[PDB]
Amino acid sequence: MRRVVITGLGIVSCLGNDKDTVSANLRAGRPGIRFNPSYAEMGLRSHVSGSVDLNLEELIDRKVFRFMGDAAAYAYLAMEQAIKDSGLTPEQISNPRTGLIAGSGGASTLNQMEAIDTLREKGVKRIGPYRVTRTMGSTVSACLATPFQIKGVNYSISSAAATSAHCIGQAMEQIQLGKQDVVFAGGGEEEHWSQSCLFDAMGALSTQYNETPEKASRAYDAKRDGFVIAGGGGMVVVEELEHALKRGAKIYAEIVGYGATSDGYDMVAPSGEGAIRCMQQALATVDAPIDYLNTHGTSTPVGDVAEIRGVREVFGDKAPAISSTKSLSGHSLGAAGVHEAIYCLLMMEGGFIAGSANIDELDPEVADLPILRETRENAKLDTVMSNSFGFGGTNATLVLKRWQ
């Protein structure tokens, strides 16, 4: 089958809105989590978030921006970065063999709330004509494919925390089917109390670290108490290898493995069994040893351990270095898969492994695995794996191999 590489990236996140800032914060171990006054004012129990600090209206053409909620807007800025990074020409961006596969976990709870408040107070006409494109499940793909004049595939995948990892794997598969040469893959996620309250109510979020927000997300720590919600966007340029070499592309990495499985077990907790099969499917096409695993690792009591049990079954006594970057970044939901793919690309480009932050007391149930608690500098980091596991028992695993 045709080989597939990544030739450009872009990111909007609480760790930074450009690759150099994000790389630096991963290397230094600086969390992007902050206190969220709006959460406290609205009666949430979790008062922490990984929030993006941007004036989106000053960064995006108004004709484009009117159709967007924050999820699309974050993804759009990430895509602009990825296009610049990749050096693709307008004709390489806009042609039947170049596509877009990008999604979100939610869409825009804020625009939905505004629409209904408006209906009740002011009537239907005052809702305005832009709410469907901001709130539909395809908001991220629709709002990007249209202004970038994408002519190839155009759809969104939604698979909760697996969303943007499935997007990248499906971009690879569209190229392997022979249907596309270039696919923009990624995701976006709005961060607002109108979405975070739903997670608070199901008992998913951190609450015990509201006074020390930078410490709240602490995968593998004995005092972890739920995930820290986040927003943002990411996009990668997925490209067929011969196309990339012929145009003199920069090549970060080859996509060498991809798994997508289902637990068929519990709506909210991983089975561990599905994750084992997902990692094995990703590894079935990989000959090189795995140097680093970026876990799903959300800072939840059950989930962090269940995934580690699966890692132990897959690798036995030969596990790779492991960290969760969610201890720094929080959980960007639909954006988590592409964010973590990007973090892994930046680690390989920079020759370092980000440590698993905020571990005061390593959970004894994971202490036999090589959980990296500090940055590994001067790392010969060639082959990396990232897991993304969402509600509904949906699993995604990507394996990337550094291009020399």
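Numbering starts at 1 and follows the sequence shown.
For the two regions 284-292 and 221-229, the entry's Cα B-factors average higher over 284-292. Look at the C-alpha B-factors of 120-128 and of 305-313. On average they run higher in 305-313. Remark: of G330, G105, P320, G297, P320 shows the highest value [criterion: C-alpha B-factor in the PDB entry]. Of the candidates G186, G87, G169, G137, the one whose C-alpha carries the top B factor in the deposited record is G87. When the modelled residues of the chain are ordered by C-alpha B-factor, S141 sits in the lowest third. Sort the chain's modelled residues by C-alpha temperature factor and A379 lands in the middle third, per the entry. The PDB entry assigns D266 a C-alpha temperature factor belonging to the highest third of its chain's modelled residues. In this PDB entry, the Cα temperature factor of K326 sits in the bottom third of its chain's modelled residues, the lowest group. Split the chain's modelled residues into thirds by C-alpha temperature factor. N358 is in the middle one.
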